[PDB]
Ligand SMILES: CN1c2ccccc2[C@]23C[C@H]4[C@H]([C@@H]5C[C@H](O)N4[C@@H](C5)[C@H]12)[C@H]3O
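One chain is shown next in structure tokens, namely the form solved without ajmaline (AJM).
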């Protein structure tokens, strides 16, 4: 759930998921339209696609557990859904971290109306 994902984001980026990544660009929020503004926004686009491929689950709501070994996130053994949701979240948190170098404040509080157009996964 948002709880676990937010924890990973803080651990990997040093930033609080909300509000640092909850209104970023076109995809880091609830929206999902248009061309991703940058690398960070693409991380969210990919995250949505990952979630979108878990139709048999409830990604944004389902709770799950994970741990850190050797300084890296390790999705622990749980239900199929729990494990997959965790991996989608892990990939995104790491993606945010790898791209902090281009994280731009100007994309925060980004209005959805500026994002239109269907972008296939």
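Numbering follows the first chain given and starts at 1. Shifts are known only where both forms have a C-alpha. The term rigid core refers to the maximal set of C-alpha atoms that superpose within 1.5 Å between the two forms.
Just so you know, the form deposited with ajmaline (AJM) bound exists too; it's not on screen, but the next bit is about it.
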Taking heavy atoms and a 4.5 Å cut-off, does residue 32 contact ajmaline (AJM) in the deposited bound form? yes
Using the partner position in the deposited bound form, report whether residue 64 sits within 4.5 Å of ajmaline (AJM), counting heavy atoms only. no
Distance check, residue 48 to ajmaline (AJM) in the deposited bound form, heavy atom within 4.5 Å: yes
Any chance residue 119 has a heavy atom within 4.5 Å of ajmaline (AJM) in the deposited bound form? yes
Fit on the rigid core and then flag the segments of at least 3 consecutive residues whose Cα positions all differ by 2 Å or more between the shown form and the other one. 116-118
